[PDB]
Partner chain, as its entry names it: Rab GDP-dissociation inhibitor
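Below sits a lone chain in structure tokens, taken as the form solved without its partner chain.
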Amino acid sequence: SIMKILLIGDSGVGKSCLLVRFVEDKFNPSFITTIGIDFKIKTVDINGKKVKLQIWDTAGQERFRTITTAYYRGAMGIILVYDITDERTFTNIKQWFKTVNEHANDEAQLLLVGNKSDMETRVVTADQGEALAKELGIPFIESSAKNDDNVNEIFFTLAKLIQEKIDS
């Protein structure tokens, strides 16, 4: 069938790069901010089952974040992304979390992603992210759209979680 998935998080954390790296195996070194929202798709196989993922890449910019909250309701999966080199984007996850609860479904599967694990300039530790994840009650994973680490895992695991949910 089809799974609607959203990527949310501060502007600059790498939502678009994780998406491009996953769907087109490329990486843009430049910063090309997302206006309002973007939409892509890819077919994944969940234990034999071929599932279509409709990925909604949202704008992190504050002004374009009203267009987004409207897409929350109806999403089967929501990926909250922060930048491990930017402490502010991590602290902001809590606010993103609240926004999600006010607009998402009940059965929506969340996932926290600490992106840019390839950077020596990291300021947010893996343990910090795991701790935030345990406190929010959602799964956690670190990634790097640049070196392509755990990028596919992000989407495959979220799909599997949603699918497991579909069986109940």
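Numbering follows the first chain given and starts at 1.
Averaged over their C-alpha atoms, the temperature factors of 154 to 162 and 9 to 17 are higher for 154 to 162. Legend: mean Cα B-factor per stretch from the PDB entry, 132 to 140 versus 22 to 30; the higher mean is in 22 to 30. The top Cα temperature factor in the record, among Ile35, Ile67, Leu110, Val124, falls on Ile67. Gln61: CA B factor lies in the middle third for its chain, per the PDB record.
In this PDB entry, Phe90 carries a Cα temperature factor that places it within the lowest third of its chain's modelled residues. Per the deposited record, the Cα B-factor of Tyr82 falls in the lowest third when ranked against the other modelled residues of its chain.
What follows is about the form solved in complex with its partner chain, which we do not show.
In the deposited bound form, its partner chain lies within 4.5 Å of some heavy atom of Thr68. With a 4.5 Å cutoff on heavy atoms, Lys134 does not count as touching its partner chain in the deposited bound form; it lies far away.
Although the partner is absent from this view, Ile138 stays clear of its partner chain in the deposited bound form, with no non-hydrogen atom inside 4.5 angstroms. Contact between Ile37 and its partner chain in the deposited bound form is found at the 4.5 Å heavy atom cutoff. This chain is drawn without its partner chain; in the deposited bound form, the residue among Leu53, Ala59, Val100, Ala108 with a heavy atom within 4.5 Å of it is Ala59.
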